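One structure is given below, encoded as structure tokens.
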Amino acid sequence: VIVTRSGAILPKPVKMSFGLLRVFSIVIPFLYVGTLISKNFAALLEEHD
Amino acid sequence: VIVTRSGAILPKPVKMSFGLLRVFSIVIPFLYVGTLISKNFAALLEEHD
Amino acid sequence: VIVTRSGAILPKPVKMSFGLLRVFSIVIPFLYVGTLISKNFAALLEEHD
Amino acid sequence: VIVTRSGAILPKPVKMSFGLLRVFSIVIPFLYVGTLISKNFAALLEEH
Amino acid sequence: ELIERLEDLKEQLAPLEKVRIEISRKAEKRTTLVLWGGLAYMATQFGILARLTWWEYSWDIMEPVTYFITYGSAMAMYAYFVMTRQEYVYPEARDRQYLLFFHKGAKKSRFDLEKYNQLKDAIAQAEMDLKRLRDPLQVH
Amino acid sequence: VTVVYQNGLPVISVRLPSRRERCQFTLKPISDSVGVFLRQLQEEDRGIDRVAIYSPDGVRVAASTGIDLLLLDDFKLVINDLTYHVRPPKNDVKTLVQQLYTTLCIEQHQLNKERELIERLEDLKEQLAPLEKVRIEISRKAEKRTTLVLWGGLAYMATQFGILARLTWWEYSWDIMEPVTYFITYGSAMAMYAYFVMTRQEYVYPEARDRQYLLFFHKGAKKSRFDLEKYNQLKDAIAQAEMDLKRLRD
Amino acid sequence: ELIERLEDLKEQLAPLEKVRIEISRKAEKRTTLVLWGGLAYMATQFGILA
Amino acid sequence: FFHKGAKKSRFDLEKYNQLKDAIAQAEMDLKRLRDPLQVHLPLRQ
Amino acid sequence: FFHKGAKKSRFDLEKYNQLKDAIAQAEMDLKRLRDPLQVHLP
Amino acid sequence: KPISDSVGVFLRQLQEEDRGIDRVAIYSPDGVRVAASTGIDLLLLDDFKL
Numbered sequence: 048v049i050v051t052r053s054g055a056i057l058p059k060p061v062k063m064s065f066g067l068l069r070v071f072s073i074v075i076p077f078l079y080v081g082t083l084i085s086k087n088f089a090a091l092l093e094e095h096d
Numbered sequence: 048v049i050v051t052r053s054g055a056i057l058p059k060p061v062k063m064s065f066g067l068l069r070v071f072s073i074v075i076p077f078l079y080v081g082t083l084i085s086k087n088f089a090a091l092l093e094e095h096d
Numbered sequence: 048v049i050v051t052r053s054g055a056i057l058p059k060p061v062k063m064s065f066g067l068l069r070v071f072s073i074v075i076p077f078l079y080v081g082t083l084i085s086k087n088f089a090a091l092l093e094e095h096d
Numbered sequence: 048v049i050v051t052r053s054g055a056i057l058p059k060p061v062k063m064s065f066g067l068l069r070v071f072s073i074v075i076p077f078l079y080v081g082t083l084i085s086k087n088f089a090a091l092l093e094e095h
Numbered sequence: 202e203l204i205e206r207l208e209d210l211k212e213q214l215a216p217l218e219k220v221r222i223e224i225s226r227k228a229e230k231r232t233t234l235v236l237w238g239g240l241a242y243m244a245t246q247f248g249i250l251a252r253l254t255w256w257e258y259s260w261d262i263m264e265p266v267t268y269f270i271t272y273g274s275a276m277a278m279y280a281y282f283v284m285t286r287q288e289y290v291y292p293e294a295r296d297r298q299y300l301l302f303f304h305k306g307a308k309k310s311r312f313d314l315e316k317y318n319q320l321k322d323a324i325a326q327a328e329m330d331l332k333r334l335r336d337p338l339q340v341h
Numbered sequence: 075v076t077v078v079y080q081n082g083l084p085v086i087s088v089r090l091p092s093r094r095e096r097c098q099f100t101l102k103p104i105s106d107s108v109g110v111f112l113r114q115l116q117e118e119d120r121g122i123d124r125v126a127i128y129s130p131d132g133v134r135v136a137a138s139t140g141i142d143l144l145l146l147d148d149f150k151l152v153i154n155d156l157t158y159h160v161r162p163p164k177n178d179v180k181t182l183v184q185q186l187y188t189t190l191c192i193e194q195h196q197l198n199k200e201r202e203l204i205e206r207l208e209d210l211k212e213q214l215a216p217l218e219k220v221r222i223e224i225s226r227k228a229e230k231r232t233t234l235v236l237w238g239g240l241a242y243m244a245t246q247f248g249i250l251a252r253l254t255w256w257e258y259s260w261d262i263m264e265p266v267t268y269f270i271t272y273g274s275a276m277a278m279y280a281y282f283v284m285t286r287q288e289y290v291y292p293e294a295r296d297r298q299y300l301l302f303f304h305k306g307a308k309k310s311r312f313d314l315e316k317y318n319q320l321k322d323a324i325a326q327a328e329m330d331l332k333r334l335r336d
Numbered sequence: 202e203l204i205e206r207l208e209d210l211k212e213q214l215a216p217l218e219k220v221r222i223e224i225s226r227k228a229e230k231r232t233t234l235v236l237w238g239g240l241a242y243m244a245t246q247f248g249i250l251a
Numbered sequence: 302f303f304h305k306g307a308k309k310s311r312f313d314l315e316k317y318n319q320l321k322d323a324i325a326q327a328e329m330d331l332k333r334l335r336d337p338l339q340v341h342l343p344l345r346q
Numbered sequence: 302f303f304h305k306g307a308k309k310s311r312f313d314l315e316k317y318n319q320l321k322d323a324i325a326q327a328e329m330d331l332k333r334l335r336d337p338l339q340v341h342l343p
Numbered sequence: 102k103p104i105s106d107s108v109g110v111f112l113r114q115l116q117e118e119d120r121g122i123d124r125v126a127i128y129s130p131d132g133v134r135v136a137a138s139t140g141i142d143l144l145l146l147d148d149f150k151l
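Chains A, B, C, D, E, F, G, H, I and J, in that order, are what the protein sequence lines are. For the first sequence, the entry's author numbering gives the first residue as 48, with consecutive numbering after it. For the second sequence, the entry's author numbering gives the first residue as 48, with consecutive numbering after it. For the third sequence, the entry's author numbering gives the first residue as 48, with consecutive numbering after it. For the fourth sequence, the entry's author numbering gives the first residue as 48, with consecutive numbering after it. For the fifth sequence, the entry's author numbering gives the first residue as 202, with consecutive numbering after it. Heads up: the sixth sequence runs through residues 75 to 164, 177 to 336, numbered per the entry's author numbering. For the seventh sequence, the entry's author numbering gives the first residue as 202, with consecutive numbering after it. For the eighth sequence, the entry's author numbering gives the first residue as 302, with consecutive numbering after it. For the ninth sequence, the entry's author numbering gives the first residue as 302, with consecutive numbering after it. For the tenth sequence, the entry's author numbering gives the first residue as 102, with consecutive numbering after it.
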């Protein structure tokens, strides 16, 4: 990859600036939503069968 | 790569003739065919032994 | 993959003979080795352990 | 992958200098220290 | 004559470019939401099973659910191969989605895409010809 | 009448005077003649009192003219009585003396360009020497940091294997640590998608190490006051001069 | 002369492509069905373990 | 399946692919003849 | 496997490389001279 | 066409158009005759007798 056919150096690959908290804060609140959606469904369905 | 080498734009692809509905209508009958043949082998094994 | 750049046709791929059978000619004799040698391993460690 | 465009044969694919002796001296003692530190982590959680 | 034709082609290329940039922004906005919802669905499906099976329920019942989830994923990766007729790889799908959203917006604004991608080629060919005219080896 | 060469051949859809068959005719643009296409047109039908093609000023065209010469403009097609007006879908010495002059000139001009292109090749390879010396040491110090990531991933693969190895056989059952060891696999799949969505890259190892390599290298050169935009400019210009100099001989 | 040469090579293509398109249409008719059949083997195995 | 169907309906294929290759070889030279005539810059090979 | 095979069989990889290079180079140079658009040989 | 046709092709074409024609000759402004291999662009430089 680093070997350009002239022998040059590639430009820097662009990181997503402040995307780490964007990943973590789409993981964690959707994790807690998928967490809370589980308890109030099985107890709602087993007590009505 | 979406922008082609000349700088133009690649053409639009195809969708194939209500594909979601016939995928849906080929995956649901064979599930009941699978439980039918499971019922057939479960009857045949216990009756034959 | 199907057609050539010139619009021609790729020729027939060669088919190695007994390909329906040569895989089983190695699988079936060598499944017996793993069948037998772990039973022998159990019969060997039954006395020591 | 075997020949060049012209049919010439590719040069020697390099193997690194005794690299199996280098990787196997990293696999086993890390496998041992990660085995042992789980006891240390389990002990205080058993205490709590 | 060549350097006068190339500025004419850039003049034709200039005014229609802005609405193409805006349709590209629309397709990027509609694709980035899908690319983050792909992670949001997995973050949901993690906590669907994780709250249950560790200290609310038993593992010996969620594991039949678990293998069938991991097999429905293997069926969903093949269904995309049946429909789209290619292999499902992560940078070979988002580009399809972005191209499809771009051609979706190219009728809601209707900016002559077929004129645009045809216009982008003759400027490149004259751009190469102006380079080849001024070849420093042979005098021109 | 219709003139369409979408099939590669200009097909004309003609019917006859006072008849019913709208027949299509496929013919050659350049190797076919009018006066012999009209032979094939007249051998089949019956109304051959007149079959002709005129200029729109009433002048009869020749029989042995070509088809491409005819369909470049308009014409009357005339069968026995009526008219079909047809409309189809529609310095040389100064360049030669320039081509003749440039033969007498380039024989000197290549030797002119050669012993100055050699100088331009030399004065850049003189410039290359200290920046190469800095670049090799920066590349090696980034190379060790790159190599330590490749070994540290295997180190984590070895530590995780041991922490799964001991406590599934001793002090904790497999039946409770199996759901422990499933979610490390699922969280690894989520992290493999997260590396794609965060860096715009398919997670493959020879591209992952070269993604980390530039993040190491450019920052480790910027911390050491290194002008990379000199070093790649020189490697651009020397390769440009080399591909220029290869065009001289062959 | 090359456009006249290409003229005959285009003239000769027209009868031979008919059998070509026929065999292509008839051979794709098995490939589509074996793709759906490869889906069917995956579909029935999700049924028989339920 | 295409070779099986071509044997099934007796299709001569070495005629066909060479008939396509001759058309493509003619189109390559028609492409290369566009440059020196209507551009008046030297041919490349 | 090919490298240690050619070592223990002792024939040349270097000649078979450098000469098969010149085969394709000479054939390319001959095809660039029998070009029917660039008339040299009537 | 001035690039392919010759005098001997044009007079053969004019002979093919009719049948009552029996003798043709393109002369010069002078009394001399132009042969049947001269290109058309070497004929249309000056006026000529038919």
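Ideal Cβ placement from N, Cα and C applies to all residues, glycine included.
Cβ neighbours of residue i in the same chain (closer than 8 Å, five flanking residues each side left out)
i: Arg-96(F); result: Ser-87, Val-88, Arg-89
i: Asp-148(J); result: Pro-130
CB contact check: residue i to chain E, cutoff 8 Å
i: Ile-75(B); result: no
i: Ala-280(F); result: yes
i: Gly-54(B); result: yes
i: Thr-82(A); result: yes
Range covered by the beta strand (DSSP E) that runs through residue i
i: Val-88(F); result: 85-88
i: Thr-51(B); result: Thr-51(B) -> no beta strand (DSSP E), and no H or E assigned at all.
i: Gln-98(F); result: 97-100
i: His-159(F); result: 157-160
i: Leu-151(F); result: 149-153
i: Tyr-128(F); result: 125-128
Proximity winner among the options, relative to residue i (alpha-carbon distances)
i: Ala-90(A); options: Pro-292(E), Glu-328(E), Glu-257(E), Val-220(E); result: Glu-257(E)
i: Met-284(E); options: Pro-60(B), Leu-83(B), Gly-66(B); result: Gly-66(B)
i: residue 175(F); options: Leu-320(F), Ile-141(F), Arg-335(F), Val-78(F); result: No coordinates exist for residue 175(F) in the structure shown, because the numbering of chain F passes directly from 164 to 177.
i: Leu-144(F); options: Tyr-187(F), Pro-103(F), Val-152(F); result: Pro-103(F)
i: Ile-324(I); options: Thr-51(D), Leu-83(D), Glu-94(D), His-95(D); result: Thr-51(D)
i: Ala-244(E); options: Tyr-79(A), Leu-68(A), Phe-88(A); result: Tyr-79(A)
i: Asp-336(F); options: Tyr-317(I), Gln-326(I), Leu-338(I); result: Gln-326(I)
Within chain J, the residues that residue i reaches when beta carbons sit closer than 8 Å
i: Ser-138(F); result: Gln-114, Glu-117, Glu-118
Interface flag, residue i vs chain I, CB-CB below 8 Å
i: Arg-345(H); result: no
Cβ of residue i within 8 Å of any chain H Cβ
i: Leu-331(E); result: no
Interface flag, residue i vs chain F, CB-CB below 8 Å
i: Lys-211(G); result: yes
i: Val-340(E); result: yes
i: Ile-222(G); result: no
i: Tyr-299(E); result: no
Chain I residues whose Cβ lies nearer than 8 Å to that of residue i
i: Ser-64(D); result: Those do not exist, as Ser-64(D) stays about 17 Å from chain I at its closest Cβ, beyond 8 Å.
Contacts that residue i makes with chain G (C-beta to C-beta distance below 8 Å)
i: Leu-320(H); result: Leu-210, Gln-213, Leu-214, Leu-217
i: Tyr-272(E); result: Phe-247
Within-8 Å CB hit, residue i to chain D
i: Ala-327(I); result: no
Proximal residues of chain F, C-beta to C-beta of residue i below 7 Å
i: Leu-67(D); result: By Cβ distance, chain F contributes nothing, its closest Cβ being about 13 Å from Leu-67(D), past 7 Å.
Cβ of residue i within 8 Å of any chain G Cβ
i: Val-283(E); result: yes
Under 9 Å from the C-beta of residue i: neighbouring residues of chain E
i: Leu-78(B); result: Near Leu-78(B) there are no residues of chain E at all, since even the closest Cβ is about 11 Å away, more than 9 Å.
Element boundaries [alpha helix (DSSP H), containing residue i]
i: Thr-233(E); result: 218-256
i: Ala-277(F); result: 260-285
Amino acids of chain E, ordered along the chain, whose beta-carbon sits closer than 7 Å to that of residue i
i: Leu-236(G); result: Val-283
Any C-beta of chain K under 8 Å from that of residue i
i: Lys-199(F); result: Chain labels in this structure do not include chain K; the protein chains are A, B, C, D, E, F, G, H, I and J.
Same chain only: Cβ atoms within 6 Å of residue i, ignoring 5 sequence neighbours per side
i: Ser-107(F); result: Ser-138
Cβ neighbours of residue i in the same chain (closer than 7 Å, five flanking residues each side left out)
i: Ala-241(E); result: none
i: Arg-134(J); result: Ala-126, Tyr-128
Listed by chain order, chain D residues near residue i by CB distance under 8 Å
i: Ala-241(F); result: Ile-73, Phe-77
Within chain H, partners of residue i - CB distance below 8 Å
i: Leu-207(G); result: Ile-324, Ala-327, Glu-328, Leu-331
Within chain C, partners of residue i - CB distance below 7 Å
i: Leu-314(H); result: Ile-56
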